């Protein structure tokens, strides 16, 4: 992209040479096009949708990777999925770091005791908690919420593909749709969404936009994976996870 004019080191004009992102320039005068690469960087936009919250920094939020005892998830799991705790305004928050291919936090999903959702960074359509952890494979389990994603991980010793959905059950169709490209590196996709009216509707939807023939639907004797996990039903979670 065009950054701004620059004097030409060739023909010797003054402002007839334009500088782009590339790092390349073009001189209208002499008509030369060479591919400053530094200057160009120092001008790359970034940031996200105005109004949205800034990604919370672990080292500046009192963040610690504690274990969710009342959920059955350990620190070790939390630490691998990128799920941490923050103490702000004396209050407590749980943070789900949605990272990109290069482990760069892109967005975060923050919730508190009363269970109030808050977003940060650029929580795009393809938001998939855990996504950055698996380069394809045999199977991939897709829970509904980060904590369900977390549960399957506990039970599997964090050794196999599990991701969550960015904007809950509703976006189910769009998130999976938005992630069709991704989800197709695995031979299977275990849609393990909530075990209720709303959740069951989401599965209906997701299944639709997802790659035909690879889907699969989990059936838990509880509300959701963690619900089971807090009721010895790990058996049925494992039973449907392989």
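Positions refer to the first chain, counted from 1.
Gap between residue 198 and residue 199: none; every deposited residue in this span has coordinates. Looking at 49-57 and 178-186 together, the entry lists the larger mean B-factor for 178-186, computed on C-alpha atoms. In this crystal structure, the stretch out of 218-226 and 10-18 whose C-alpha atoms carry the higher mean B factor is 10-18. When the C-alpha B-factors of 112, 97, 157, 76 are read from the PDB record, the largest value belongs to 112. Taking the PDB entry at face value, the top CA B factor among 151, 101, 120, 143 belongs to 101. Annotation for residue 3: C-alpha temperature factor in the lowest third relative to the rest of the modelled chain, per the entry.
Residue-level temperature factors show residue 167 in the highest third of its chain, judged at the C-alpha atom.
Looking at the C-alpha B-factors along this chain, the one for residue 124 belongs to the highest third. Ranked by Cα temperature factor within the chain, residue 133 sits in the middle third according to the deposited record. Remark: residue 91 belongs to the highest third of its chain, ranked by C-alpha B-factor as recorded.
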